[PDB]
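Chain lettering (A, B, C, D, E and F) follows the sequence in which the chains are written, and residue indices restart at 1 in each chain.
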Amino acid sequence: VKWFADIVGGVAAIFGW
Amino acid sequence: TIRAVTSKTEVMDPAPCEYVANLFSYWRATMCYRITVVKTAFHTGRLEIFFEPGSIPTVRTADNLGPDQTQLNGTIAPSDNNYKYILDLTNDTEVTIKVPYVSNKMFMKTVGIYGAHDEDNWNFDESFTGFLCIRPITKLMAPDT
Amino acid sequence: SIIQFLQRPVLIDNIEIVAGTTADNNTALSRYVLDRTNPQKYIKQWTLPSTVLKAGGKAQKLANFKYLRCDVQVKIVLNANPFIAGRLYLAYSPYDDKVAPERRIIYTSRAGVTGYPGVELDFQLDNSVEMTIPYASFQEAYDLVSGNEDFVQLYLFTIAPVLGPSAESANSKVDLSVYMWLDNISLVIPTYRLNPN
Amino acid sequence: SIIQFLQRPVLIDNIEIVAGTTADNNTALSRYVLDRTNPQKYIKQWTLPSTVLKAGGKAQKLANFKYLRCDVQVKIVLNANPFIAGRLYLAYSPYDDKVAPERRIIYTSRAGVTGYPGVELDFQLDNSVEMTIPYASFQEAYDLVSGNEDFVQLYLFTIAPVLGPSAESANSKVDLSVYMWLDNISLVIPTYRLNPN
Amino acid sequence: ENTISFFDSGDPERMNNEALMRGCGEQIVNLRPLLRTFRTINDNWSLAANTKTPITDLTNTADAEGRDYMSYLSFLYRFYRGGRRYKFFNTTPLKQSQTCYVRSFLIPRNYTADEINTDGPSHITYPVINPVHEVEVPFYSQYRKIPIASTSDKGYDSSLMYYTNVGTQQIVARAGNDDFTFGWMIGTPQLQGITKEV
Amino acid sequence: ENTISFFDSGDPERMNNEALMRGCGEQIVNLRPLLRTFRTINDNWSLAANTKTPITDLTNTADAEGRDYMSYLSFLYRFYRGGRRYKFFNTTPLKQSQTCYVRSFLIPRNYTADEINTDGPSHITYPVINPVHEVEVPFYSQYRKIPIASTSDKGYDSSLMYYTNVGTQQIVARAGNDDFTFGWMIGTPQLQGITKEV
């Protein structure tokens, strides 16, 4: 569920950081 | 299409929705097709848009690929047992069809027509859940005026 | 999921009628009917419900079933150009094909005909219409393996012939489209005997 | 009402096997399998799910549909005389017809075979049995217009050949009956392309 | 259904859970962890230079002998849902001054390395500095699972496209990814062992 | 503006967010992260010795084929606001006793390496010890943004001035800096693929 925990918190990684 | 001198290189005409998938391998997505008729308030006619899942009756050309028109008549593959939309052209013209994604396999490749020709049409038949096909319910009604 | 394929329309015939003609697509309901040699000229008699089932691939569904009670639906779509103006009348008379002619919708006047249950239809205002033809049988329910006792005839008839420009140069034509489905459905009894038709 | 015709059994084959024979109905699971010239002799390979649909008149139902996800059921009825005693084993191996032979239920020992999921069957105690063969595909759901990628082979195999009197005068035979239906059903997508087979 | 028992033995999960602290440092209860342990399949796999060679062209005469677990156990089952970490060691006589830069790529299974644009994710290791190559090819198929070995796999999964620049001999090992298991359970194959010419 | 929908499909962000844990270890929702992933453009780029060679002289026949993402995606947009990490691997036959000390510098874009005092920040790595070079040229221009490729760039940004001492062959890769994105959105180019002489 890890990446599915970040995609839901909209963390600053997915957007390219 | 094919650009020549022979050499016969291939050339495309993609959209963003297509410009991305050429950058990846598999895909899954719902689509949205804006259908706009350009006409007056006179050009009238009931137009049918219907979906058919899976492969297509097509013509496997030696270098390119395209469809087959004979297998689509109102008798062979009609649109009663097929998702349907009958757009009228009196005054309601703009449409935006929204197709979800359904298929036996979860994702789908993204070669489409790349390296497609008579023999190697395989991934193409696997890289498209199905197809829409327009077919008039009525001959375009518009005076010679 | 079991029937709703029935409750899913189907296209029967795509029709066209042109100006100037003097054929079955015209001669709107002769005021009088003296002779059975010159009856009221129809457009497309549908001997419901059969013609419905034998199309739209619904028969394959009705297979392995015997009895049926269903009121049919209709949807007429029409697309003509504003430069045309005319009026038609659709009507349904049960057992019209199994009864003495003195009573049939045919061999009968315009007044009586348009008095038959149905609806008018204009090419400009009522572009598209519908109808609910109920369960007109007189028995427990309709059979399917027989498929011979069609208990209705759906008669189409015109009121005013097509009207267009004086030149009437082949662009003063119209076009129709009929769709049909069934409601108030009941599938009851199984069997192995299948109507091959 | 829409599917339950599927969830309504159907008879596939009525089988008979007699004492004394030395044919495909015997030679119960040779302890060893050295050669593919002398594999384990089966009884009736059913390449499910297809063989189910193409019978019981269910295909006419599955028409105008594309995708399917269904776990099949089974019911074996058996009626032999007390004077007989024998044992069989039914087993199912997915993709057994689309995989290298070194792994197939065929070209494989008795131990491994009977290790395949299934069930034993006696002619006196477990007169009649059933089974639930689940959705063994590896894709979103099974297609129907293709009807070529049957994702399972239902292998029948024997353990002890038929056993009866020493005279074995033609009355020391048994008889079978297979029935099949489907569960966990899902009809999803329409179409006009129909598997003609 | 009468089922009896002999020896009135005490709690079996009292002696073994005791009789591994006397005999076995490790206490194995699962079976999946085998697929996390690399034990080799080949020991030479003499390769060729500047020829991107896929791996399926090797691991086809690998899942037919059981020389590892990822194959021996395959027969027991039919499906799999994970990636196959492939570790590659070198043994080539690289007493030379050339620079080996063995390179790996990603290719769909059962593609022949000639119909491919060789781009995307990759890896490069130097045996002269690090005689290993320890990629972790994930599971990028589009299906819930996959038959272990069929003939209809025209891109239903990912593979390696091992590339090199020199004529090399490699050791190999393969276990499986942290999410690599098998599907159904089935029976067993037949085994051959020692042979005695005469 | 009538817009309809088929198939009455359940929440699409219920199947995919589920149907990646079955098929895809990674769950991609942005697009910018591509520019943080180095995938190569060249594979030989045979260089020359003791000749500080800029990089623009290479990455001009690089943003014309899309062999990477930092170019393929360029067309979609027009601007950029970040630095381009350039990683350089070696493949040269350095079976020799010489000491390679490949050196990098900083030069403004579209300067020709002859009109420069080559001082300031730098870097030196040895391929014999470390066959890479992984600089992170930042964005030291003076403008909010920059057109992707115009002809008026007489110092509106920074570049590399890759220096070496030997005749070498290199592998290359370029993604972008942690703050490297693109500007506006525009349409798409035309693509050519396979060609069949005859």
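As a convention for this text, a contact is a pair of C-beta atoms (placed from the backbone, for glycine too) under 8 Å apart; a residue touches a chain by one contact, two chains touch by 3 or more.
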| item | value |
| --- | --- |
| Topological distance between chain B and chain D, in contact steps | 1 |
| Chain pair, B-E or B-C, that carries the greater number of C-beta contacts | B-C |
| Intercentroid distance (Cα basis), chain F paired with chain E, Å | 34 |
| Between chain E and chain C, distance of the C-alpha-averaged centres to the nearest whole Å | 69 |
| Two or more partner chains touched - positions in chain B | 26, 78-79, 81, 83, 102, 105-107, 115 |
| Sites on chain C at which at least two other chains make contact | 5, 57 |
| Numbers and ranges of chain E residues touching at least 2 other chains | 140, 142-144 |
| Set of all touching chain pairs, with the criterion as stated earlier | A-F, B-C, B-D, B-E, B-F, C-D, D-E, E-F |
| Residues of chain D defined as touching chain B within the complex | 64, 66-67, 139-143, 145, 188-193 |
| Chain C-touching residues of chain B, taken from the complex the two chains share | 42, 44-46, 74, 78-81, 84, 86, 88-90, 137-139, 141-145 |
| Complex contact set, residues of chain F against chain E | 22-26, 37, 39-40, 67-68, 89-96, 127, 131, 171 |
| Touch list for chain C against partner chain B, complex | 5, 8-11, 14, 16, 55-57, 77, 79-83, 127-128, 165, 169, 171-172, 174-177 |
| Parts of chain F lying in touch with chain B, wherever the complex brings them together | 1-7, 9, 12, 16, 19, 22-23, 69, 72-73, 76, 187-188, 190-198 |
